[PDB]
Amino acid sequence: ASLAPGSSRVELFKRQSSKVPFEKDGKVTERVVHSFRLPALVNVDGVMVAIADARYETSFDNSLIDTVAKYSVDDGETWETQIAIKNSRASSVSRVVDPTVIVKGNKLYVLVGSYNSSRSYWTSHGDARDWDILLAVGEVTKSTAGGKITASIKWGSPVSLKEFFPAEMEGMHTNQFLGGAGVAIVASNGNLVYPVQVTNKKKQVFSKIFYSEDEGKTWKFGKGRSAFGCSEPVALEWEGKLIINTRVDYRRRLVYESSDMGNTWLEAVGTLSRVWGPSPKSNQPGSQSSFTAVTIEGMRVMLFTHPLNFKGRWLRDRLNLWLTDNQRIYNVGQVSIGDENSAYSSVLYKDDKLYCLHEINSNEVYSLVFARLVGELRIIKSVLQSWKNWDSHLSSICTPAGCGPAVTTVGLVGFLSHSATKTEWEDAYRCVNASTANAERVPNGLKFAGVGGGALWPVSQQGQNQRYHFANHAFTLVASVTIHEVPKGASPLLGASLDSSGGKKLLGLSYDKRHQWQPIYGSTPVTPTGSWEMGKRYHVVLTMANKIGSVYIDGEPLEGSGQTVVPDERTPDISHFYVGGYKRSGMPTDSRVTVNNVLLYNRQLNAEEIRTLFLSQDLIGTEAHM
Ligand SMILES: *[C@]1(C(=O)O)O[C@@H]([C@H](O)[C@H](O)CNC(=O)c2ccccc2)[C@H](NC(C)=O)[C@@H](O)[C@H]1F
Ligand SMILES: [Cl-]
């Protein structure tokens, strides 16, 4: 893929070409840089600022590095270059590393680890003999040169914050810590907040919250932490909580939420945790990620980037952009070009303009290109228009009492309704479509029939990035159904499957030749219950929360519903939801049924919300508006 139409870029920090003002021995010389890495792009009072690593001689992490900075007043049309922080010059490999930036006022708060002579990766160090943690502040000043506007950043001498690092943390002895790289934040209470990666004497890595209530003079660590294995954390604030997105090498990315500045950390199992995989099989090294909360056209949202890493190891090709409102998760597309190597990145939203500063690597020689995400922001605005519209549409429906409670759109992730192509049932939220077989389009839905007939809404089948991972912890699946033929035995209607066939179910609804419902609770022996008549329309709700599954028909629980569907302590790994058959020609069954308006929620709905959905089933369809 490549940049969306209308978008373009330029190699801003050009490898082995761009020069910087390297200072040594009171002298200063324009020195060429082999590699530029660790991109951090921010907006300071109108000034666009780009911070990064200046790796003078090699791209090897443990070499000579200073923190470079280029700034613009014309939004990337022209840039001034400087060195924001120079390393100790103690050896040929002295360096200030992984700059992490926070903008507050006309101030740049830059946190970097500092090493003097070690040629070993920081996480392999057994002690802090070679380490320090420094904070440098750059103050921005705008003015006018030849009639036109100009600016200048004055950089302060870095200050050691090592005095704020406790020798002990709950059950361990501290070693070193660094910022999470990229861009950090100012909390809504004013606090400077840096998600930091810390090591202990057992050489384990884990993330913590390192914050300041006094503009940067003193610092504290939240009492809590992530699990071990969580590095380069990146955080944002969302609805009064910090959402900390972590890199986990060779594993799916863990995401945590903290309401108390890091004293307690809860994994975001019902929203973003384990959604993003570091590679197709999530068995390769991860990456630093841009993760920010922006307000586009009135709507608060989060932007996330990470490479797909098809190539493997650290190559990390295909830098992708994601959009989420903490409910739906949309893949905006690929920001890097073709299959170039593009790991670390930084996305900025400034004056309704979207930009990205990210790495491009060829033979371990890095450059930072500066891209104008024009087509991308177009797509983003459009998708948000779609979410706002469908939410407004559903919320404005006057439900049967003059009106009863409004249809709930809180936690509504996907909706399969009128729109369907020959092979796909389309998500009105435009994030995840369902694949189909033997389906005939009908108002607000599809009519199925035949061995192999049905629809498949992927969960673990989505692949590397699993937007419906939350379903393994809780969900509500809703649908209107009509059975056209009494089955020979027991046929599937709606369900959450644990395997690819649909034979190993988590929670499901089947119907049998004796006109009874067959709710399936995990691998528990089935017991038919209730009755139905052929050709009659029914309303079905499947919910799961607290390892318990329930099945409702026409708004009411079936007898004996509410059983444990998650047997032990291992978390489910739902493969997909099946609707109107298994969509597997390999399953014998034949479901002749019509299913309309399938809704997917990331929580268990309550009795009233279930009641309103039932009464309102003929009002929610997308049909009239396409
Ligand atoms: C990124 C990167 O992946 O490109 O990595 C971090 C850091 O090195 C990484 O989180 C940890 N490294 C390893 O686990 C490892 C390194 C080498 C060989 C095997 C394992 C860099 N930051 C630091 C402080 O090293 C960052 O600059 C960048 F290289
Ligand atoms: Cl320890």
# chains A, B, ... in the order shown; residues from 1 in each chain; ligands from 1
>>> residues_around(residues="stretch 429-433 of chain A", least_positions_apart="5", cutoff="8 Å", atoms="only C-alpha atoms", output="PyMOL selection string")
chain A and resi 328-331+383+386-387+390+413-416+424+457-458
>>> write_last_selection(atoms="C-alpha atoms", output="short mmCIF file (atom, residue, chain, number, x, y, z; two decimals), in the first residue's frame")
data_model
loop_
_atom_site.label_atom_id
_atom_site.label_comp_id
_atom_site.auth_asym_id
_atom_site.auth_seq_id
_atom_site.Cartn_x
_atom_site.Cartn_y
_atom_site.Cartn_z
CA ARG A 328 -14.85 0.49 17.36
CA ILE A 329 -11.34 0.02 16.01
CA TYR A 330 -10.68 1.15 12.41
CA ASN A 331 -7.61 0.45 10.27
CA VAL A 383 -15.57 7.07 9.35
CA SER A 386 -20.46 7.32 10.06
CA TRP A 387 -20.12 6.46 13.76
CA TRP A 390 -25.43 5.75 13.19
CA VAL A 413 -19.11 -2.16 18.25
CA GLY A 414 -20.56 -3.71 15.12
CA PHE A 415 -23.89 -3.78 13.32
CA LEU A 416 -24.71 -6.08 10.36
CA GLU A 424 -19.85 -9.89 2.60
CA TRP A 457 -18.00 -12.45 11.82
CA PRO A 458 -14.32 -13.03 12.68
#
>>> residues_around(residues="residue A:14", least_positions_apart="5", cutoff="9 Å", atoms="only C-alpha atoms", output="list in words")
residues 19, 33, 34, 35, 36, 366, 367, 368 and 369 of chain A
>>> write_last_selection(atoms="C-alpha atoms", output="mmCIF file, in the first residue's frame")
data_model
loop_
_atom_site.group_PDB
_atom_site.id
_atom_site.type_symbol
_atom_site.label_atom_id
_atom_site.label_comp_id
_atom_site.auth_asym_id
_atom_site.auth_seq_id
_atom_site.Cartn_x
_atom_site.Cartn_y
_atom_site.Cartn_z
ATOM 1 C CA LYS A 19 24.185 17.643 9.188
ATOM 2 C CA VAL A 33 24.739 11.884 10.791
ATOM 3 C CA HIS A 34 24.751 8.222 9.802
ATOM 4 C CA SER A 35 21.241 7.545 11.187
ATOM 5 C CA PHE A 36 18.221 9.364 12.685
ATOM 6 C CA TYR A 366 17.850 5.051 9.165
ATOM 7 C CA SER A 367 16.142 8.266 8.032
ATOM 8 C CA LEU A 368 12.979 9.960 9.288
ATOM 9 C CA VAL A 369 10.508 10.925 6.566
#
>>> atom_distance(atom1="atom CA of residue A:449", atom2="atom CA of residue A:486")
12.4 Å
>>> residues_near_ligand(ligand="ligand 2", cutoff="8 Å", atoms="only C-alpha atoms and all ligand atoms", output="NGL selection string")
:A and (171-174 or 200-204)
>>> write_last_selection(atoms="N, CA and C atoms", output="PDB file, in the first residue's frame")
ATOM      1  N   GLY A 171       8.456  -5.769  46.056  1.00  0.00           N
ATOM      2  CA  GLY A 171       9.059  -7.060  45.763  1.00  0.00           C
ATOM      3  C   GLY A 171      10.264  -7.097  44.824  1.00  0.00           C
ATOM      4  N   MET A 172      11.016  -5.999  44.736  1.00  0.00           N
ATOM      5  CA  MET A 172      12.181  -5.982  43.843  1.00  0.00           C
ATOM      6  C   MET A 172      13.217  -4.904  44.103  1.00  0.00           C
ATOM      7  N   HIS A 173      14.374  -5.061  43.474  1.00  0.00           N
ATOM      8  CA  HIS A 173      15.434  -4.060  43.593  1.00  0.00           C
ATOM      9  C   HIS A 173      15.604  -3.413  42.213  1.00  0.00           C
ATOM     10  N   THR A 174      15.423  -2.088  42.180  1.00  0.00           N
ATOM     11  CA  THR A 174      15.517  -1.309  40.938  1.00  0.00           C
ATOM     12  C   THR A 174      16.920  -1.279  40.342  1.00  0.00           C
ATOM     13  N   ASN A 200      14.781  -4.297  36.837  1.00  0.00           N
ATOM     14  CA  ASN A 200      15.161  -4.613  38.201  1.00  0.00           C
ATOM     15  C   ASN A 200      16.466  -5.404  38.072  1.00  0.00           C
ATOM     16  N   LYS A 201      16.992  -5.812  39.216  1.00  0.00           N
ATOM     17  CA  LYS A 201      18.238  -6.548  39.290  1.00  0.00           C
ATOM     18  C   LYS A 201      18.125  -7.960  38.688  1.00  0.00           C
ATOM     19  N   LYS A 202      16.905  -8.443  38.462  1.00  0.00           N
ATOM     20  CA  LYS A 202      16.754  -9.758  37.836  1.00  0.00           C
ATOM     21  C   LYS A 202      16.681  -9.544  36.340  1.00  0.00           C
ATOM     22  N   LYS A 203      16.925  -8.302  35.930  1.00  0.00           N
ATOM     23  CA  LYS A 203      16.913  -7.920  34.536  1.00  0.00           C
ATOM     24  C   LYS A 203      15.546  -8.017  33.876  1.00  0.00           C
ATOM     25  N   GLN A 204      14.499  -7.952  34.690  1.00  0.00           N
ATOM     26  CA  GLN A 204      13.140  -7.976  34.168  1.00  0.00           C
ATOM     27  C   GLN A 204      12.713  -6.540  33.794  1.00  0.00           C
TER      28      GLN A 204
END
>>> residues_near_ligand(ligand="ligand 1", cutoff="6 Å", atoms="only C-alpha atoms and all ligand atoms", output="PyMOL selection string")
chain A and resi 61+97-98+121-122+287
>>> residues_around(residues="residue A:105", least_positions_apart="4", cutoff="12 Å", atoms="only C-alpha atoms", output="MDAnalysis selection string")
chainID A and resid 43:47 109 137:141 186 190 192 215
>>> write_last_selection(atoms="C-alpha atoms", output="compact mmCIF listing (two decimals), in the first residue's frame")
# COMPACT_ATOMS: atom_id res chain seq x y z
CA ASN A 43 3.12 21.12 18.28
CA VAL A 44 4.43 23.76 20.70
CA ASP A 45 2.26 26.88 20.74
CA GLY A 46 2.06 26.78 16.92
CA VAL A 47 5.67 25.72 16.38
CA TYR A 109 10.17 18.54 28.50
CA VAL A 137 13.69 21.72 28.94
CA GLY A 138 13.53 23.66 25.68
CA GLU A 139 11.63 26.95 25.74
CA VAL A 140 10.00 28.11 22.52
CA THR A 141 9.91 31.75 21.40
CA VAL A 186 0.17 16.61 30.54
CA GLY A 190 -1.72 19.57 35.02
CA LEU A 192 3.56 15.93 33.66
CA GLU A 215 6.17 21.50 36.53
>>> closest_residue(among="A:539, A:560, A:145, A:283", to="residue A:527", atoms="only C-alpha atoms")
A:560
>>> closest_residue(among="A:212, A:176, A:447, A:489", to="residue A:189", atoms="only C-alpha atoms")
A:212
>>> residues_around(residues="stretch 477-481 of chain A", least_positions_apart="5", cutoff="7 Å", atoms="only C-alpha atoms", output="ChimeraX atom specification")
/A:537-543,593-601
>>> select_by_dssp(residues="stretch 252-301 of chain A", states="strand (DSSP E or B)", output="list in words")
residues 255, 256, 257, 258, 266, 267, 291, 292, 293, 294, 295, 296, 299, 300 and 301 of chain A
>>> write_last_selection(atoms="C-alpha atoms", output="PDB file, in the first residue's frame")
ATOM      1  CA  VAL A 255      -2.929  -2.177  27.339  1.00  0.00           C
ATOM      2  CA  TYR A 256      -3.737  -0.988  30.879  1.00  0.00           C
ATOM      3  CA  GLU A 257      -5.910   1.700  32.408  1.00  0.00           C
ATOM      4  CA  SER A 258      -5.117   3.674  35.643  1.00  0.00           C
ATOM      5  CA  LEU A 266      -6.083  -2.845  35.320  1.00  0.00           C
ATOM      6  CA  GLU A 267      -5.676  -4.586  31.947  1.00  0.00           C
ATOM      7  CA  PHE A 291      -0.762   6.687  20.679  1.00  0.00           C
ATOM      8  CA  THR A 292      -2.526  10.015  21.132  1.00  0.00           C
ATOM      9  CA  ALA A 293      -5.982  11.368  21.967  1.00  0.00           C
ATOM     10  CA  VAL A 294      -7.205  14.053  19.533  1.00  0.00           C
ATOM     11  CA  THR A 295     -10.547  15.781  19.031  1.00  0.00           C
ATOM     12  CA  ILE A 296     -11.571  15.572  15.401  1.00  0.00           C
ATOM     13  CA  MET A 299     -15.345  13.812  18.505  1.00  0.00           C
ATOM     14  CA  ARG A 300     -12.652  12.740  20.928  1.00  0.00           C
ATOM     15  CA  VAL A 301     -10.663   9.753  19.536  1.00  0.00           C
TER      16      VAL A 301
END
>>> residues_around(residues="stretch 65-76 of chain A", least_positions_apart="6", cutoff="9 Å", atoms="only C-alpha atoms", output="JSON, numbers by chain")
{"A": [12, 13, 20, 22, 36, 46, 47, 48, 49, 50, 51, 52, 53, 54, 55, 56, 57, 82, 83, 84, 85, 86, 87, 93, 94, 95, 96, 97, 98, 99, 112, 142, 149, 150, 151, 152, 153, 370]}
>>> write_last_selection(atoms="N, CA and C atoms", output="short mmCIF file (atom, residue, chain, number, x, y, z; two decimals), in the first residue's frame")
data_model
loop_
_atom_site.label_atom_id
_atom_site.label_comp_id
_atom_site.auth_asym_id
_atom_site.auth_seq_id
_atom_site.Cartn_x
_atom_site.Cartn_y
_atom_site.Cartn_z
N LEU A 12 13.00 14.06 5.77
CA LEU A 12 13.39 15.24 6.54
C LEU A 12 14.79 15.07 7.14
N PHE A 13 14.99 14.00 7.92
CA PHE A 13 16.27 13.69 8.55
C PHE A 13 16.86 12.62 7.64
N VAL A 20 24.32 18.24 11.53
CA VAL A 20 23.90 18.85 12.78
C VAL A 20 25.10 19.61 13.37
N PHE A 22 27.30 19.53 15.90
CA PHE A 22 27.96 18.71 16.92
C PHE A 22 28.94 19.56 17.74
N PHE A 36 19.13 8.59 11.84
CA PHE A 36 18.22 9.36 12.68
C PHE A 36 17.15 8.36 13.06
N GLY A 46 2.08 26.38 18.32
CA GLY A 46 2.06 26.78 16.92
C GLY A 46 3.34 26.40 16.19
N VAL A 47 4.40 26.14 16.96
CA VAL A 47 5.67 25.72 16.38
C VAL A 47 5.66 24.19 16.27
N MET A 48 5.97 23.69 15.08
CA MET A 48 6.02 22.26 14.83
C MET A 48 7.44 21.84 15.27
N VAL A 49 7.57 20.91 16.21
CA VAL A 49 8.89 20.47 16.66
C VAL A 49 9.13 18.97 16.45
N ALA A 50 10.25 18.62 15.83
CA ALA A 50 10.61 17.23 15.56
C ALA A 50 11.87 16.85 16.34
N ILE A 51 11.71 15.96 17.32
CA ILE A 51 12.84 15.49 18.11
C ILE A 51 13.19 14.05 17.69
N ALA A 52 14.48 13.72 17.73
CA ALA A 52 14.98 12.40 17.31
C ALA A 52 16.42 12.14 17.75
N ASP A 53 16.85 10.90 17.55
CA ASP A 53 18.23 10.50 17.86
C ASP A 53 19.14 10.91 16.68
N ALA A 54 20.30 11.47 17.02
CA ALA A 54 21.33 11.79 16.04
C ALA A 54 22.39 10.70 16.35
N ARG A 55 22.41 9.64 15.54
CA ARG A 55 23.37 8.54 15.73
C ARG A 55 24.48 8.83 14.73
N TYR A 56 25.47 9.56 15.21
CA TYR A 56 26.54 10.00 14.34
C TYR A 56 27.26 8.99 13.50
N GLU A 57 27.75 7.92 14.11
CA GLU A 57 28.57 6.94 13.38
C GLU A 57 27.95 5.66 12.85
N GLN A 82 19.04 21.86 15.18
CA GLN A 82 19.88 22.11 16.36
C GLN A 82 20.08 20.81 17.13
N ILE A 83 20.83 20.89 18.23
CA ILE A 83 21.03 19.74 19.11
C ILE A 83 20.33 20.18 20.41
N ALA A 84 19.33 19.42 20.83
CA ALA A 84 18.58 19.76 22.04
C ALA A 84 19.30 19.34 23.31
N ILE A 85 19.99 18.21 23.22
CA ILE A 85 20.73 17.65 24.35
C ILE A 85 21.98 16.95 23.79
N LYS A 86 23.15 17.27 24.32
CA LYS A 86 24.36 16.60 23.87
C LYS A 86 24.72 15.59 24.97
N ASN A 87 25.33 14.47 24.59
CA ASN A 87 25.74 13.45 25.58
C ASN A 87 27.04 13.89 26.32
N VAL A 93 31.35 6.15 22.77
CA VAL A 93 29.98 5.66 22.65
C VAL A 93 28.99 6.33 23.60
N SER A 94 29.39 7.46 24.19
CA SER A 94 28.53 8.19 25.10
C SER A 94 27.24 8.55 24.34
N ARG A 95 26.13 8.67 25.05
CA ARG A 95 24.89 8.92 24.34
C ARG A 95 23.75 9.28 25.26
N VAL A 96 22.81 10.05 24.71
CA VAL A 96 21.57 10.39 25.39
C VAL A 96 20.62 9.64 24.48
N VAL A 97 19.75 8.83 25.10
CA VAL A 97 18.86 7.93 24.38
C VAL A 97 17.34 7.98 24.59
N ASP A 98 16.65 7.45 23.59
CA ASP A 98 15.20 7.33 23.56
C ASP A 98 14.47 8.54 24.13
N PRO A 99 14.71 9.73 23.53
CA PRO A 99 14.06 10.94 24.01
C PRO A 99 12.55 10.77 24.07
N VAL A 112 15.61 11.68 28.67
CA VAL A 112 16.49 10.75 27.99
C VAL A 112 17.35 9.98 29.01
N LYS A 142 8.48 32.71 19.68
CA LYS A 142 8.09 33.10 18.32
C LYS A 142 8.27 34.61 18.17
N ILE A 149 6.95 35.62 10.22
CA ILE A 149 7.11 35.06 11.57
C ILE A 149 8.26 34.03 11.70
N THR A 150 8.91 34.04 12.87
CA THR A 150 10.00 33.13 13.15
C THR A 150 9.97 32.64 14.61
N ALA A 151 10.84 31.68 14.92
CA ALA A 151 10.90 31.10 16.25
C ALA A 151 12.31 30.65 16.62
N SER A 152 12.49 30.39 17.91
CA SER A 152 13.77 29.94 18.44
C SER A 152 13.59 29.19 19.76
N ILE A 153 14.17 28.00 19.81
CA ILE A 153 14.12 27.16 21.00
C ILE A 153 15.45 27.23 21.75
N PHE A 370 8.96 12.79 6.69
CA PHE A 370 7.90 13.61 7.25
C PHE A 370 6.75 13.55 6.23
#
>>> residues_around(residues="residue A:523", least_positions_apart="5", cutoff="10 Å", atoms="only C-alpha atoms", output="list in words")
residues 503, 504, 505, 506, 507, 565, 566 and 567 of chain A
>>> atom_distance(atom1="atom CA of residue A:116", atom2="atom CA of residue A:88")
6.7 Å
>>> residues_around(residues="residue A:21", least_positions_apart="4", cutoff="6 Å", atoms="only C-alpha atoms", output="list in words")
residues 28, 29 and 30 of chain A
>>> atom_distance(atom1="atom CA of residue A:475", atom2="atom CA of residue A:529")
23.1 Å
>>> closest_residue(among="A:468, A:194, A:577, A:614", to="residue A:404", atoms="only C-alpha atoms")
A:614
>>> select_by_dssp(residues="stretch 7-232 of chain A", states="helix (DSSP H, G or I)", output="PyMOL selection string")
chain A and resi 122-124+162-164
>>> closest_residue(among="A:162, A:251, A:129, A:536", to="residue A:218", atoms="only C-alpha atoms")
A:162
>>> closest_residue(among="A:546, A:461, A:591, A:616", to="residue A:490", atoms="only C-alpha atoms")
A:591
